[PDB]
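All values below come from the heavy atoms of this structure, side chains included, with hydrogens, waters and symmetry mates left out. Order of appearance sets the numbers: ligands from 1, and atoms from 1 within every ligand. Each chain gets a letter, A, B and so on, in the order the sequences are listed, and its residues count up from 1.
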Protein chains: 4
Amino acid sequence: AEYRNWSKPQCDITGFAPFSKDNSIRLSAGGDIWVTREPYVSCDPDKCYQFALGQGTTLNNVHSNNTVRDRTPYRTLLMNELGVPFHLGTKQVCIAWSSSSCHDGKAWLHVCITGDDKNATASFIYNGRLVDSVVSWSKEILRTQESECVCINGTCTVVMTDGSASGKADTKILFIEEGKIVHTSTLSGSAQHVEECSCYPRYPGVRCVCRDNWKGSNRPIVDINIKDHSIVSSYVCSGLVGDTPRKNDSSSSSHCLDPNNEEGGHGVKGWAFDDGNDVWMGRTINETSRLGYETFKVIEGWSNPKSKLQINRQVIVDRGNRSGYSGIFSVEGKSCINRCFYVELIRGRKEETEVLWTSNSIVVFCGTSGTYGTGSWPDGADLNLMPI
Amino acid sequence: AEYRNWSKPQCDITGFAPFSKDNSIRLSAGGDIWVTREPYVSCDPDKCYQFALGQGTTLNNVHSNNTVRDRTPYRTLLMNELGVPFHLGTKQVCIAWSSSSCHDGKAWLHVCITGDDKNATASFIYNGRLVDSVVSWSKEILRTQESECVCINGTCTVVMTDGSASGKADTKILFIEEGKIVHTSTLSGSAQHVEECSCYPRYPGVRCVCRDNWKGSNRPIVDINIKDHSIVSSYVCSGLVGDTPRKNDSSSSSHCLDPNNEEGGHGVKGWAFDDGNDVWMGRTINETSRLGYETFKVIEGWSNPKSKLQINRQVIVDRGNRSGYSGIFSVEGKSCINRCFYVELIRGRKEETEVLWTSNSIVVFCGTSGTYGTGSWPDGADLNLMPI
Amino acid sequence: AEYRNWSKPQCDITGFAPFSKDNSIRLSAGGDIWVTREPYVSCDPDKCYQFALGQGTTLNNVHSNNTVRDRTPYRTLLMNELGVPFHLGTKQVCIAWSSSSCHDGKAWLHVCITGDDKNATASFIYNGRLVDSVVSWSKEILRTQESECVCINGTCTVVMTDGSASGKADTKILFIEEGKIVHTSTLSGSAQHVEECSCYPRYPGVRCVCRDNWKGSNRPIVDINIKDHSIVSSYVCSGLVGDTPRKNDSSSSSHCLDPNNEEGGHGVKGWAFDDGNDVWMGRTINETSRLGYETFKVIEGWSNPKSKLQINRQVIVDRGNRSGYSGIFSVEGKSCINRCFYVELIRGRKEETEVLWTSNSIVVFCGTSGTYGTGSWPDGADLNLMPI
Amino acid sequence: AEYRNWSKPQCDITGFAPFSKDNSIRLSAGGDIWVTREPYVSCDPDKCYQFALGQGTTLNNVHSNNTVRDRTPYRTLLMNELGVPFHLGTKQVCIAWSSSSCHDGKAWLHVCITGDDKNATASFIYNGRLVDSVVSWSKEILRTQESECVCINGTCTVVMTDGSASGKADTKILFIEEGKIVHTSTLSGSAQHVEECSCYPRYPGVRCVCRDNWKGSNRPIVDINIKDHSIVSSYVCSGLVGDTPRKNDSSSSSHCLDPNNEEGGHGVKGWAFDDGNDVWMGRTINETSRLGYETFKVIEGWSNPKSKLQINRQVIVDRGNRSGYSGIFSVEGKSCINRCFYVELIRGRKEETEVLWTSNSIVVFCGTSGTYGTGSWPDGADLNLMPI
Ligand SMILES: *[C@@H]1O[C@H](CO)[C@@H](O[C@@H]2O[C@H](CO)[C@@H](O[C@@H]3O[C@H](CO[C@H]4O[C@H](CO)[C@@H](O)[C@H](O)[C@@H]4O)[C@@H](O)[C@H](O[C@H]4O[C@H](CO)[C@@H](O)[C@H](O)[C@@H]4O)[C@@H]3O)[C@H](O)[C@H]2NC(C)=O)[C@H](O)[C@H]1NC(C)=O
Ligand SMILES: *[C@@H]1O[C@H](CO)[C@@H](O[C@@H]2O[C@H](CO)[C@@H](O[C@@H]3O[C@H](CO[C@H]4O[C@H](CO)[C@@H](O)[C@H](O)[C@@H]4O)[C@@H](O)[C@H](O[C@H]4O[C@H](CO)[C@@H](O)[C@H](O)[C@@H]4O)[C@@H]3O)[C@H](O)[C@H]2NC(C)=O)[C@H](O)[C@H]1NC(C)=O
Ligand SMILES: *[C@@H]1O[C@H](CO)[C@@H](O[C@@H]2O[C@H](CO)[C@@H](O[C@@H]3O[C@H](CO[C@H]4O[C@H](CO)[C@@H](O)[C@H](O)[C@@H]4O)[C@@H](O)[C@H](O[C@H]4O[C@H](CO)[C@@H](O)[C@H](O)[C@@H]4O)[C@@H]3O)[C@H](O)[C@H]2NC(C)=O)[C@H](O)[C@H]1NC(C)=O
Ligand SMILES: *[C@@H]1O[C@H](CO)[C@@H](O[C@@H]2O[C@H](CO)[C@@H](O[C@@H]3O[C@H](CO[C@H]4O[C@H](CO)[C@@H](O)[C@H](O)[C@@H]4O)[C@@H](O)[C@H](O[C@H]4O[C@H](CO)[C@@H](O)[C@H](O)[C@@H]4O)[C@@H]3O)[C@H](O)[C@H]2NC(C)=O)[C@H](O)[C@H]1NC(C)=O
Ligand SMILES: *[C@@H]1O[C@H](CO)[C@@H](O[C@@H]2O[C@H](CO)[C@@H](O)[C@H](O)[C@H]2NC(C)=O)[C@H](O)[C@H]1NC(C)=O
Ligand SMILES: *[C@@H]1O[C@H](CO)[C@@H](O[C@@H]2O[C@H](CO)[C@@H](O)[C@H](O)[C@H]2NC(C)=O)[C@H](O)[C@H]1NC(C)=O
Ligand SMILES: *[C@@H]1O[C@H](CO)[C@@H](O[C@@H]2O[C@H](CO)[C@@H](O)[C@H](O)[C@H]2NC(C)=O)[C@H](O)[C@H]1NC(C)=O
Ligand SMILES: *[C@@H]1O[C@H](CO)[C@@H](O[C@@H]2O[C@H](CO)[C@@H](O)[C@H](O)[C@H]2NC(C)=O)[C@H](O)[C@H]1NC(C)=O
Ligand SMILES: CCC(CC)O[C@@H]1C=C(C(=O)O)C[C@H](N)[C@H]1NC(C)=O
Ligand SMILES: CCC(CC)O[C@@H]1C=C(C(=O)O)C[C@H](N)[C@H]1NC(C)=O
Ligand SMILES: CCC(CC)O[C@@H]1C=C(C(=O)O)C[C@H](N)[C@H]1NC(C)=O
Ligand SMILES: CCC(CC)O[C@@H]1C=C(C(=O)O)C[C@H](N)[C@H]1NC(C)=O
Ligand SMILES: *[C@@H]1O[C@H](CO)[C@@H](O)[C@H](O)[C@H]1NC(C)=O
Ligand SMILES: *[C@@H]1O[C@H](CO)[C@@H](O)[C@H](O)[C@H]1NC(C)=O
Ligand SMILES: *[C@@H]1O[C@H](CO)[C@@H](O)[C@H](O)[C@H]1NC(C)=O
Ligand SMILES: *[C@@H]1O[C@H](CO)[C@@H](O)[C@H](O)[C@H]1NC(C)=O
Ligand SMILES: [Ca+2]
Ligand SMILES: [Ca+2]
Ligand SMILES: [Ca+2]
Ligand SMILES: [Ca+2]
């Protein structure tokens, strides 16, 4: 086994093909299935895995009441092969109410954060063992990606944040070799508020598209230089913006360097990637809530903040159906690196009041250089009929 | 690992021996078992796997109501080792309401079709990754085999159909190397309506026996030339015909080149294979519904459309018990290639009204050059007693 | 991987140590566990597996009513690693209401019999594929060991029986190389009625200790010569006899060559093995029913039919607790071949009327050259409290 | 594969980071989960496993009533990968109401004790086979560690005890090569009562920190010389003592050689390890019951029995939440050997009367040379709402 370098060009992408779907909530009406949220996908050189943060309970279980909360001592990172729903033989790979995972070509890293809000601990687990950990630095909800980290030549990078969700926070980028933190660069450049980064290998570096929870409905970009540890940051130029809430398409605007100051408060985790000067990007369909999910290409969307020329739109989840977090993951082909993305389909509280729980299922699409048609792939559980 | 070529002669077959049975519906009265249909078997060089299309629900689950429908966004391709029933730790290998799978000797291909009726997408998954996809070409329920595809020398072939179920449709044969569509030949020859092909390696080519849903109760044959991509087609000569509905044995007739025009409308998926000039073939026992299942040899049945000389009959499922789809799969021995076949045992709606669901179990027999006796191996669930 | 030869001496045995126990019925009061009977153990070169014949249902399942019957089309051979109870992810390795399994050092053989009483089929499955089969020869319940077969140098042997359970039957010994029946020797020597053999490698041959269902409460011995295919047969000399029913210890007698004619009708599957001129043997404690289970050494018990000198008695299951079938299996050590034995703990009908079902759990002991103490290891389920 | 020697220095430890947590009791309110106690962790060269002693029942199961008892014939040693909760596909690796496990680098040893109180049997299982066993020597509850054993150069050592829990007992240390007892040294040195040792490799030997159930609330130390089989023993000097019950911090005292005679009766399993002349140690927070759990360093705590200088305290389970047994396990890094520890979170009878059962979940922390913060990680099940 050799370390992954991802030193191959990015695949031609004409859009996305369906890849995976676990029907987790549907199964949980007649089965023992974990309550989760903040799911994500990452893949060893052979095959893909689905991760999520458990609420240390199954759905049809008294302990699923009030699983709307974000941080309890009972949350663990779940890990299965992709398409195996989180049943009772699912391995909890660490304790975590915030996490990130990646495989360097030899072994799995996990970055798992748990403990007190005001004094959390991040654990660094590599190859079945604990190799390091760091305390919260700013004593305000140390947190990380909720999607895959990225390793080049055996140096893995991950973005973490400590501080305010609605003010200046303290974001850092760690470099990790075999579970050992070998460096920490602090955030730099024009990105003002950075969270839940969706990162992908862009040889020789790593690129991330994050969530601005403060004053931006455009999404921050973070550029990580793996060799000299330098950081740069900015925003996705595209005039059609990827966060939620946001303004409508006719009213929205963006800026390559600053938050747009348009319904900037709050956000949702999401993703984008460059294709020459164009941007591929997913986003919720409904501008203010986590309803529906779409992907498209914005032509000149990576370089031109006035550009609002979308082509190749796809509905992933129709506008009347709930979506949630989404994020990138990268899969190596024979000749190129593909881009795929998962979407968290959230069900339950607070938005749906028919039940007491909050859970999710997932749907997963992958870059394609072939052709594709249309559809919608929602959660499809009936919360009127579920465990009363 | 080397690519499979199947460059070995076909085994002497004197009939079929019992191989596998999952009792899926019986287990589902006291267990968490998936609702499925369109099951099938395919085997890597070591061992066999059972696939089926899930309805994204378990049987004892509110979501099993109305699982009679064919295409929902919740259907996925299920995959276990043969004889492991589809429990909750079953891997969904892709999203699909129509599929085909095969192993080329190195890795698994899956061909998974999902999305809108009038604009479906076929995804091509090889070795744990998405390598290609194609849109529906005729915008009318792009669909495929519901049984194993076939790979020779690392070129896999699969038959797909788009268009009318009861008129001229647009059938194509794809050639796939490592998940990449490297060619598409369109259907040619005398076969007029072609669906749900049951294909097997017949070195140096591939042979398929399909379902004529339009004007034929005799079954179409499709001959696929793997090297030059040429296609030829015709029908199973045998005067005892393999589709259902059909006429009775005294009234039936057939034709080597054309549909017989005898209760041709509709059909059921099924299979046949040549043995010199004789044909081995399975079929439902009841001429008009999916009740019972039998296999026999028709002597001269491959070359002579007037020949109705059966020998070596076996009852697989007795005439008072429900059957369903059936299909071939091919297993490599030390010196020869064996032919085996699975039978879908369908239970529930519309035919059985005691429950609200529609599911299936499977039974699997294999070619034998030894001897065998008799029996019947039905589903054996009591739908009067099941999840009310 | 090389074929097993078992060309090592038998381990010193001073008695038996506890090895495994699955608590199958206890677990099945709060879990999805298979209904089984006729369980057994066999081991690949690395590790041990537990097999049993399923009733194609779980215990807490409507279909468990009337599982007292021996042959239904829903019975399959179950296979797990030893100590994993038969849950829903258990693999059914073939269809079978009678079976035998062994590993030759390279791959697993299974011998699986199913179908009509008066015309059953035995399937021979090797290395994940069907290689052969034979019909019933005497058209009266073709049946086999219900415990492991034995392979030396890649020739596996198995004992099968067709005919009367209470008269002369037709017993044969098959020789199988890679799933292919390469010879059939018919039973010969003084053994008059032979069933459910418990066989073990006794280099250069195989030795078996069977059940006389007709006129003998002493147990038949069958000696299988693997190279020239010759058979010899006789009975376990020991004056303390191993079948059930039997006479009491003060009244019993035996004979090295003939059935003893003492409560000979019926029997239970069981086992014995030679140790110089002494015999190690297990048996039910209660002389007339399947209650309790004991093991001991009878000094001179292998050569002297008048000898009733037991030493080293161990209670495995105390006399007030149900037992059932038992059988040998052989495990290779660094320098010697060990002998271990499993015991079927039967619960339910007809004997226990509190429930409608018939099932079993297992307990497994192994030869030891160290020391040991005492105890009892029954089923331990409360049938008064179980699934009403 | 080579034998483990652990010939690497012990890792710098500044405290402990969170590693694993199974939420076993929480899951068991809506799932089929085993009733356990006496859990523990041990790891093969690749990855970690969680063991526990089952009560041969699941929690939501009639047979969970009265699982407060310590020794029944239904208890087995459970084994999963760490973080997989004990579901129904969990392997029982042997019969046992007392056990110890370790991997020598090639294969697993298990030491499993079961049978009559006054005549128990220890079975020695190596590499999937029974290699040895010993009887109880003093006929009074032969028992062992309830945590991992230790192997150096293919010689594994384990500490066992037979005799009184509240008087002089007969403790021995066995040496085991490939499952074969190759020597037995009897306990020697100043340790007066020794139980449930927590052992770790301290090249070239093994060191253990045990429980004095008789007259000591300080913990015994046992030093095992692997090459010449010599034993020495004494007590943990530290003035803050690790057993429970114990006196408060202001009143407690200790002694390097003798039991302290302070609430010495009874105890709880626990652990400690040297760091120069300082001791790392865990213990319950509440001085008299198994409530809370803390770890700290006592400076000079290994050499100075008057020293009560703790630094680096961590709360693992807060003082209002139940704890239980805890023990060490050792994990090999690139350059050093790490120390990790698990904590049994006991729920149910006798202490909690809301239910009839007694079970546990686990939480697992590992040595870290990085930094960490704070929290509490209790069981988190609501016994008011659980299976009534
Ligand atoms: C079968 O499935 C395929 C693949 O999904 C569909 O083909 C896609 O259809 C979508 C939807 O219309 C196309 O996406 C749209 O592209 C528009 C581009 O406008 C034109 O300009 C280019 C010039 O380069 C021309 O080639 C082309 O003819 C276009 O006319 C955008 O304007 C669209 O955005 C606008 O519409 C959407 C709603 O549709 C709004 O929400 C937006 O905010 C905005 O106003 C959109 O991006 C897509 O490009 C097609 N892709 C491909 C690969 O062909 C088929 O439509 C479908 N067939 C059927 C029968 O359903
Ligand atoms: C134990 O199990 C074995 C194996 O299953 C059975 O043997 C088979 O029995 C079947 C059923 O009869 C045989 O199949 C039939 O073959 C007939 C051939 O007719 C004769 O011609 C040949 C000349 O080559 C002679 O060798 C032979 O003696 C025959 O007499 C066909 O005519 C049959 O089809 C007709 O009957 C069936 C109903 O049975 C109708 O549904 C058809 O539509 C049609 O009218 C049929 O194909 C089979 O060949 C036997 N196989 C083998 C390998 O021996 C035993 O019968 C069974 N024993 C018991 C006691 O149950
Ligand atoms: C701890 O556990 C150990 C191991 O299980 C026990 O030791 C065994 O005890 C049994 C039970 O008594 C012994 O088995 C018996 O052997 C008798 C032999 O008689 C004597 O002859 C030899 C001469 O070679 C002397 O060495 C020896 O002292 C004997 O006195 C048989 O006669 C017994 O059979 C009879 O008794 C049983 C009931 O016990 C009846 O059911 C029979 O039908 C028959 O009448 C029996 O076989 C065994 O050999 C011991 N084994 C070993 C290895 O030591 C301990 O007893 C136990 N300790 C406690 C306190 O429980
Ligand atoms: C974020 O999380 C970190 C890591 O958990 C916390 O830092 C630890 O805090 C604990 C709790 O106070 C410290 O442990 C304590 O150490 C004391 C040592 O006293 C002084 O002496 C040294 C000299 O070497 C000085 O460096 C240091 O400044 C100390 O002032 C002990 O006296 C303590 O024991 C006593 O207190 C506890 C209750 O706290 C009692 O139960 C005891 O019985 C006893 O009376 C204790 O051991 C620990 O060392 C810190 N560790 C590290 C690595 O920094 C932060 O507190 C936390 N931050 C927040 C905001 O929560
Ligand atoms: C589910 O959890 C909610 C939230 O705790 C419960 O409602 C609370 O329960 C407390 C204590 O019984 C009440 O006094 C409060 O009125 C509730 N608090 C809040 C903030 O709403 C509720 O009881 C639970 N429901 C079930 C069915 O278990
Ligand atoms: C199972 O599904 C059927 C089909 O949808 C349900 O029957 C329909 O329900 C609607 C809305 O309640 C009714 O208005 C219609 O009369 C029914 N439609 C058709 C086409 O039959 C039925 O309610 C479901 N049954 C259960 C027990 O859930
Ligand atoms: C369990 O199975 C038994 C055996 O079939 C059932 O009893 C029979 O049922 C038939 C048809 O209802 C009756 O007419 C007979 O009197 C019974 N036959 C025999 C031979 O006993 C019984 O109904 C089943 N019990 C349950 C609870 O399902
Ligand atoms: C749980 O087990 C307890 C302990 O055995 C049961 O209580 C005993 O049951 C016996 C026999 O019925 C009574 O005579 C005694 O009074 C009880 N003995 C003791 C020592 O308490 C109890 O019945 C069981 N409870 C349930 C719900 O099964
Ligand atoms: C702590 C701020 C952060 C917002 C950027 O909270 C996230 C918001 C969430 C959200 O917007 O859905 C849910 C996430 N589970 C949560 N993470 C944690 C650890 O609380
Ligand atoms: C779309 C036409 C085709 C008939 C040839 O339908 C098949 C018929 C079926 C049938 O005859 O049972 C059920 C199959 N699930 C269905 N496939 C789909 C995708 O609908
Ligand atoms: C068919 C005769 C044979 C007795 C030797 O029956 C066995 C007796 C049994 C018994 O004595 O328990 C149960 C076995 N399941 C049964 N096997 C079959 C196939 O019926
Ligand atoms: C037999 C004495 C020993 C105390 C040192 O008992 C242990 C005490 C226990 C305890 O203090 O919790 C529970 C353990 N399961 C038990 N082990 C056995 C085998 O009984
Ligand atoms: C978006 O979401 C909210 C959720 O309740 C809904 O009320 C609103 O109508 C939706 N808006 C649009 C424009 O679809
Ligand atoms: C065939 O199937 C139908 C199903 O209801 C049944 O009514 C009919 O009697 C059967 N016909 C024959 C000839 O067996
Ligand atoms: C043996 O078994 C039967 C089973 O009911 C019982 O009645 C009888 O008392 C037992 N006999 C002896 C001698 O233990
Ligand atoms: C310790 O435990 C007992 C358990 O009931 C409790 O009553 C007591 O208050 C606790 N003591 C302290 C000092 O916390
Ligand atoms: Ca925002
Ligand atoms: Ca037709
Ligand atoms: Ca008999
Ligand atoms: Ca004590």
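When hydrogens are left out, the protein atom nearest atom 14 (O) of ligand 13 is A:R319 NH1, 2.9 Å; that is the closest non-hydrogen contact. Looking at atom 4 (C) of ligand 13, its nearest protein heavy atom turns out to be A:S289 OG, 3.9 Å. Summary of contacts: the protein heavy atom closest to atom 13 (C) of ligand 13 is A:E287 OE1, 4.0 Å. Considering only non-hydrogen protein atoms, atom 11 (N) of ligand 13 sits nearest to A:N286 ND2, 3.1 Å. Of the protein's non-hydrogen atoms, C:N65 ND2, 2.4 Å is the one closest to atom 2 (O) of ligand 7. Among all protein heavy atoms, the one lying closest to atom 27 (C) of ligand 7 is C:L356 CD1, 3.9 Å.
In this model, D:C197 has its SG atom within less than 2.5 Å of the SG atom of D:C210.
Of the listed residues (C:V68, C:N66, B:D382, C:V62), the one carrying the non-hydrogen atom nearest atom 4 (C) of ligand 7 is C:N66.
None of the N, O or S atoms belonging to D:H193 lies under 3.0 Å away from the Ca ion (ligand 20). Residue side and main chain included, D:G265 places no N/O/S atom under 3.0 Å of the Ca ion (ligand 20). At a threshold of 3.0 Å, the Ca ion (ligand 20) has no backbone or side-chain N, O or S atom of D:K215 nearer than that distance. The Ca ion (ligand 20) has an N, O or S atom of D:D212 closer than 3.0 Å.
Residue D:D243 approaches the Ca ion (ligand 20) most closely through its N/O/S atom OD2. No other N/O/S atom of D:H266 lies as close to the Ca ion (ligand 20) as O does.
A salt bridge does not link A:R290 to A:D379: none of the charged nitrogens lies less than 4.0 Å from a carboxylate oxygen. Here D:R283 pairs with D:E294 in a salt bridge; the nearest charged N to carboxylate O distance falls below 4.0 Å. Ion pairing of D:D117 with D:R71 is present here, as a side-chain N (NZ or NE/NH1/NH2) and a carboxylate O approach within less than 4.0 Å. A:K269 and A:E344 are not joined by a salt bridge, as no carboxylate oxygen comes within less than 4.0 angstrom of a charged side-chain nitrogen.
An angle of 100° is found at the Ca ion (ligand 20) between D:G216 atom O and D:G264 atom O, rounded to 10°.
For atom 24 (C) of ligand 7, a protein heavy-atom neighbour is present inside the 4.0 Å cut-off. For atom 21 (O) of ligand 7, the protein comes within 4.0 Å by no heavy atom at all.
The closest donor-acceptor contact from the side chain of A:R219 to the backbone of A:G216 lies at 3.5 Å or more, if one exists at all.
In this structure, a donor-acceptor pair under 3.5 Å is absent between the side chains of D:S307 and D:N304.
Ring orientation note: the planes of D:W280 and D:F273 are close to parallel, at an angle under 30° on the 30°/60° scale.
Surrounding CZ of D:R69 are at most 12 heavy atoms belonging to other residues, nucleotides or ligands under 6.0 Å away.
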For the pair C:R75 and C:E38, evaluate salt bridge (charged side-chain N to carboxylate O under 4.0 Å, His left out) and give the outcome as yes or no after the intermediate values.
CA-CA 11 Å; C:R75 309 204 75 180; C:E38 297 86 18; 3.3 Å; yes
